[PDB]
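Residue numbers (full-length UniProt numbering), protein chains in the order written: chain A, 11 to 41, 47 to 84, 87 to 109, 126 to 190, 197 to 254, 259 to 322, 328 to 342; chain B, 11 to 41, 47 to 84, 87 to 109, 126 to 190, 197 to 254, 259 to 322, 328 to 342; chain C, 11 to 41, 47 to 84, 87 to 109, 126 to 190, 197 to 254, 259 to 322, 328 to 342; chain D, 11 to 41, 47 to 84, 87 to 109, 126 to 190, 197 to 254, 259 to 322, 328 to 342. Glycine is no exception: its CB is placed at the ideal position from the N, C-alpha and C atoms. Let me begin by presenting the structure, written as structure tokens, before commenting on it.
4 protein chains.
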Amino acid sequence: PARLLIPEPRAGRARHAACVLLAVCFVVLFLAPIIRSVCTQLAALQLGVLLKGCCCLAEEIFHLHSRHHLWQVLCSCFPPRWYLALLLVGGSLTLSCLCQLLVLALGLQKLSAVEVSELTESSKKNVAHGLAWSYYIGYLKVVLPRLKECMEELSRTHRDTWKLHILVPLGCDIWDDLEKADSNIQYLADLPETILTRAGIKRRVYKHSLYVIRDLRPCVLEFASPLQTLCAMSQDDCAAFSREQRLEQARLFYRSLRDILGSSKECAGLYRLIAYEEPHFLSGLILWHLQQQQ
Amino acid sequence: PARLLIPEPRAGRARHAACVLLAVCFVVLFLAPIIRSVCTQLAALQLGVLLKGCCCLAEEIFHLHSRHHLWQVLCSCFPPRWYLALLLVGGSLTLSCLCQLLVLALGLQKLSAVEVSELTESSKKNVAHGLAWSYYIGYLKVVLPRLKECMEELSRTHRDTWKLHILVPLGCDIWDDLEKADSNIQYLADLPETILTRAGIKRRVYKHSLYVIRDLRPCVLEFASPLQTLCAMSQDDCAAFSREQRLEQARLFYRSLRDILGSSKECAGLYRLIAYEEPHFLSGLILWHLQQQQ
Amino acid sequence: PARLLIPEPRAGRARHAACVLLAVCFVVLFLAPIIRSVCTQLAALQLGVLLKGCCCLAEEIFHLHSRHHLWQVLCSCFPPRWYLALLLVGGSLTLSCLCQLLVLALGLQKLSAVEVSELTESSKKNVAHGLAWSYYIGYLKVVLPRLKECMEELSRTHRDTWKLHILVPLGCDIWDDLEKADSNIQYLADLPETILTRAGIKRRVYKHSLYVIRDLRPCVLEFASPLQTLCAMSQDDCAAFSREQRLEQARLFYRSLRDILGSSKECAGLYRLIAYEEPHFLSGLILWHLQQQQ
Amino acid sequence: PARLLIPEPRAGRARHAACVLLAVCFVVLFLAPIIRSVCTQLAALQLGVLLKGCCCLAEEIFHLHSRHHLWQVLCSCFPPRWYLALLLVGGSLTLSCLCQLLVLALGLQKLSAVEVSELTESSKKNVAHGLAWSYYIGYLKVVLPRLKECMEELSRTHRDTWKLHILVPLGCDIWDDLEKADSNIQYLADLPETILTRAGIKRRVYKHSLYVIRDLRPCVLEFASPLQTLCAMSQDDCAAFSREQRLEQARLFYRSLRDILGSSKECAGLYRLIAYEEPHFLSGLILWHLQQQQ
Ligand SMILES: Nc1nc(=O)c2ncn([C@@H]3O[C@@H]4COP(=O)(O)O[C@H]5[C@@H](O)[C@H](n6cnc7c(N)ncnc76)O[C@@H]5COP(=O)(O)O[C@@H]3[C@@H]4O)c2[nH]1
Ligand SMILES: Nc1nc(=O)c2ncn([C@@H]3O[C@@H]4COP(=O)(O)O[C@H]5[C@@H](O)[C@H](n6cnc7c(N)ncnc76)O[C@@H]5COP(=O)(O)O[C@@H]3[C@@H]4O)c2[nH]1
């Protein structure tokens, strides 16, 4: 199997390194008269933060009813601990205000790549987490409990392997015809369908397929579909989206899906996530996962 | 029809208000000796930004190969115009460094609601835009060109109305049985299906339905499905997601879908977005949209 | 008809404004001892220009036979009036040479948008002029004299309208099926073909089509084809090409084609350039051009 | 085969030679008091660049809506790093301004041959690259996948040679009758045609031809057509275009076509670029390329 390097979540040791550098710099400040001097700089920052809120009253007043329907807007305007800044302003000029305005005009407070990356993958509001929730709720929550009955119905036409391997290709190749993927992968038949009236559509139909892979074992197998969506979210270039970020979002999607099916409760063992990169081959990986459980 | 208040995109007039306040404050500074003093504050900011990059070398060194595979990491570490800060540091102490570290330790640089809102909806990497791209590529790109032929095939069993009204309920109510939605809405039949081998599944089936609404007109009609996903992304509470943000994300989804089908090229006039809030009724709105085109 | 804003050629009034500002600044220098001082700056420029030529001997010596097959290279190296610089250098140091080299190293002589725009559209070597020459020589020079005979041959199966309206959509929409463009535009038949042995291909075939547009008039009509090429020169993104520059290049193409058919001598009145932007409609514009000549 | 000398792309070693001459001149300046003197010359340049922008406000104000529809114009007016010039102007007269205006009036900033050559072939907006994109998209993208089927259809009336040799004569001779090119080249038959509704023309027809060359081998063969366009872009003299630049543009065209078919993905091996100069002969070169693959 190929080496799976998916990124871990952020541990948050940067604050620890900042604290250590703070303590070391205080020790070198060792080897009372200057503490007031600290305040002469400190509220100098906390003015400008307030200034940012003042400018954020600018556009938000054009969004009163359409986004916020007064006190809600000013509640949303500045960071929530606003009284510390005024508390520090009271404990004491135009140069500071003009410097903060000269910063805020030219826009030199642009965050870097790693900061927006941690802000993206920290919140659960990016593309990959929402799309993984869509794939979990819309498909996997519904089909997977009805898998064993259709398997038994085809059985009247190996109980360890009655699962649903989801191929998750961390990359670009997504194929509709898996018989073009290898000469070893062969189509045999399909499962009995599933009929559900979902979201106004009456009798929506979910299907499957059964693939026999030999040298001599059957399995159910399909691709994780919405990666295909990402495959058109950068090729068509109508979304601001790059290939390196495409690989990043695919790894994030596999990580989020692994997390969701980790704390899943209905999906007992019926799923089996197979993920890979491009280093024939795919049948060899399928056979390795298939023999691994036995 | 109900009043549709969807939020406009950010115009960006806050920078203009900052510039105006800058010019006015410079005029009051009117009515050369102090400009060097500006630099004594100015690089005082640009040190600390560099300090943030120093702390962002901390956790990123635990993410060398798993996210970035040296120079790529330091390239991603600080904001890209790094030389202006060192240029300003050269033009001239421990108090400034300790103040910036004391800020970065306690974490008082937390962005407000409106800043993270503009950062979210500014980039095309939130939940609603990616999910709208999924609904456009997976379903609307495929089905809609094959609509007229199925309509003509049922016609051999009103050409102005041969469309697909997508009900987009900006709210919480999403129903599977539209006959429970009103006594006026009646199910009649379904369109001939669509069979496509998509993403490894052989013979995936797309269906539709035809609803006759009288007092005396037929139409095709369905719900925008993945809003249902959002309806379970906060009720189950396994995602950090609120109801006010649910209404916000639904309005954002309708806006993004309106934008995508605005610049669409295959979907000629075959879609017709109907969106509403909860103020019987739904049939009255459907009849108003249906009579509006004629 | 929509308002056609195509850009005029460059008149060249910027040199006039420079001359006026020169004369005014000389008048303020009024209200002999300093003229030598002028030379102390003046050759200071004309050294560095020579320096640019010295650095342009660098890469060109790697291109001796492959691009230039000595005296040809140095002839091509610097600007052609080289003796004025040495003439000014003789009339009199290391600071000037080091300043010019410090400029040429960091590359601060990067031209702006308007300068490269005037340099592009000034020379007849851009994309749009060459592609318009291709469309004039390859197609319009050959087909158009043989139009009336094919029209008369279909006439034995309104002489004011026997022309070839070339639709030039200044934009993005280019359609292969003009019957999908409007319900009013209808296909009737095609002209008799044209057979020519061109560029090694024996019996290359040129065709046409005849469209009847009613409410009750026929016309010949086709799209300006190579705009489609521009439609794939930025969407596929394999060329450095933007949409705003796509609209600019399309307007430039229509202007160049209008110029070429202006001074044309074989194409008497048989062409009729119809161009438009996107504000049904297209048939209305076609009927307006069709009724305008009568 | 004749020696193919096509020009390589610009490597960019001239900046390296400038940097080396800078370092050597600094070393001779070795073997603090003068650095301010540098600035007394340095902003003396950066004023005049700003002056160029001032004069470029002159004609552009006559092009407000017709090319740019204020802030867009001034954004396009000067080079984008405008603040460095004012930053250097602040760190300190009429002689400098009058010298820069006296330069800009007489127009002694005319670029040389090699500078406009690198600016032309550097950007992808010259004649040859756009015309090569036209020949790739309009013809080679469409015909070449349908080649093998027509070859097999004539085969039912040597699989290594089923290709399309494009003759690219880097020169002036382009002939319509290849049987006049040599007694050895003989016409036999033509391929089955290709019918496509392209750009409003219904049933546009693409053809081919099959040439048997003996002493005893067949091949498909045609000329690169739009070189013929260049053959009329200087002979008719309606475009500013010379014969030496004609050979240069032809070599540039062959290089760009070689690059495009290098990164091509549909055209597997079906093309085979044959290019030559004029030193019978052409059949000998064709036979050498034909025997080379076997
Ligand atoms: N009304 C309706 N009838 C349909 O048959 C249908 N099929 C898809 N869709 C909607 O279009 C989109 C395309 O599916 P996508 O591939 O992007 O992810 C889909 C897909 O990965 C998976 N899935 C759903 N149905 C099938 C199916 N029949 N076969 C395979 N996978 C399916 O579950 C994901 C989410 O489905 P929904 O989020 O409930 O609505 C889908 C989806 O929004 C449908 N909508
Ligand atoms: N409407 C229409 N019907 C035609 O039959 C036709 N034939 C040519 N053209 C247009 O005129 C011009 C002349 O072709 P050129 O030789 O300069 O390069 C042409 C030519 O090199 C090649 N090509 C296209 N069709 C053929 C063809 N039948 N035979 C050989 N070569 C062809 O592809 C190039 C680009 O074609 P288009 O860029 O899509 O439009 C062409 C072109 O703009 C046509 N336009």
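For residue j and residue i, the rounded distance between their alpha carbons
{"i": "residue 252 (chain A)", "j": "residue 239 (chain B)", "result": "15 Å"}
{"i": "residue 31 (chain B)", "j": "residue 107 (chain D)", "result": "23 Å"}
{"i": "residue 159 (chain D)", "j": "residue 158 (chain C)", "result": "6 Å"}
{"i": "residue 138 (chain C)", "j": "residue 95 (chain C)", "result": "18 Å"}
{"i": "residue 320 (chain D)", "j": "residue 295 (chain D)", "result": "14 Å"}
{"i": "residue 80 (chain C)", "j": "residue 268 (chain A)", "result": "56 Å"}
{"i": "residue 148 (chain C)", "j": "residue 16 (chain A)", "result": "48 Å"}
{"i": "residue 229 (chain D)", "j": "residue 22 (chain D)", "result": "48 Å"}
{"i": "residue 264 (chain B)", "j": "residue 313 (chain B)", "result": "12 Å"}
{"i": "residue 225 (chain D)", "j": "residue 218 (chain D)", "result": "6 Å"}
{"i": "residue 78 (chain D)", "j": "residue 287 (chain B)", "result": "48 Å"}
{"i": "residue 259 (chain B)", "j": "residue 333 (chain A)", "result": "59 Å"}
{"i": "residue 172 (chain B)", "j": "residue 179 (chain B)", "result": "12 Å"}
{"i": "residue 301 (chain C)", "j": "residue 37 (chain C)", "result": "46 Å"}
{"i": "residue 69 (chain B)", "j": "residue 316 (chain A)", "result": "38 Å"}
{"i": "residue 326 (chain B)", "j": "residue 254 (chain C)", "result": "Residue 326 (chain B) cannot be located in this model; chain B continues from 322 straight on to 328."}
{"i": "residue 54 (chain B)", "j": "residue 67 (chain B)", "result": "20 Å"}
Identity of the residues DSSP links to residue i by a beta bridge
{"i": "residue 207 (chain D)", "result": "D:318"}
{"i": "residue 225 (chain D)", "result": "D:251"}
{"i": "residue 190 (chain A)", "result": "Answer is none; residue 190 (chain A) lacks a bridge partner."}
{"i": "residue 76 (chain B)", "result": "Beta-bridge pairing links residue 76 (chain B) to no other residue."}
{"i": "residue 245 (chain A)", "result": "A:233"}
{"i": "residue 263 (chain B)", "result": "B:249"}
{"i": "residue 240 (chain B)", "result": "B:237"}
Neighbour flag for residue i against chain B, beta carbons, 8 Å
{"i": "residue 238 (chain A)", "result": "yes"}
{"i": "residue 233 (chain A)", "result": "no"}
{"i": "residue 166 (chain A)", "result": "yes"}
Anticipated Cβ contact below 8 Å, residue i with residue j, distance rounded
{"i": "residue 52 (chain B)", "j": "residue 128 (chain A)", "result": "6 Å"}
{"i": "residue 204 (chain B)", "j": "residue 337 (chain B)", "result": "7 Å"}
{"i": "residue 299 (chain D)", "j": "residue 162 (chain D)", "result": "5 Å"}
{"i": "residue 330 (chain B)", "j": "residue 199 (chain B)", "result": "Contact doesn't hold; Cβ gap of about 22 Å is too wide."}
{"i": "residue 64 (chain B)", "j": "residue 60 (chain A)", "result": "Between residue 60 (chain A) and residue 64 (chain B) the Cβ distance is about 12 Å, and since that is not below 8 Å, they are no contact."}
{"i": "residue 243 (chain C)", "j": "residue 241 (chain D)", "result": "The Cβ separation is near 18 Å, so there is no contact."}
Residue i at chain D interface by Cβ criterion, 8 Å
{"i": "residue 190 (chain C)", "result": "no"}
{"i": "residue 74 (chain C)", "result": "yes"}
Beta carbon proximity, residue i to chain C, threshold 8 Å
{"i": "residue 271 (chain D)", "result": "yes"}
{"i": "residue 29 (chain D)", "result": "yes"}
{"i": "residue 96 (chain D)", "result": "yes"}
{"i": "residue 186 (chain D)", "result": "no"}
{"i": "residue 49 (chain D)", "result": "yes"}
Option in the options with minimal Cα separation from residue i
{"i": "residue 273 (chain D)", "options": "D:289, D:11, D:321 and D:22", "result": "D:289"}
{"i": "residue 18 (chain C)", "options": "C:184, C:297 and C:71", "result": "C:297"}
{"i": "residue 126 (chain B)", "options": "B:217, B:270, B:58 and B:14", "result": "B:58"}
{"i": "residue 335 (chain D)", "options": "D:206, D:168 and D:234", "result": "D:206"}
{"i": "residue 215 (chain D)", "options": "D:170, D:187, D:183 and D:270", "result": "D:270"}
{"i": "residue 62 (chain C)", "options": "C:225, C:101, C:318 and C:83", "result": "C:101"}
{"i": "residue 73 (chain A)", "options": "B:28, B:34, B:342 and B:275", "result": "B:28"}
{"i": "residue 223 (chain B)", "options": "B:66, B:47, B:90 and B:328", "result": "B:328"}
{"i": "residue 291 (chain C)", "options": "C:39, C:208 and C:247", "result": "C:208"}
Cutoff 8 Å: residue i Cβ touching any chain A Cβ
{"i": "residue 160 (chain B)", "result": "yes"}
{"i": "residue 127 (chain B)", "result": "yes"}
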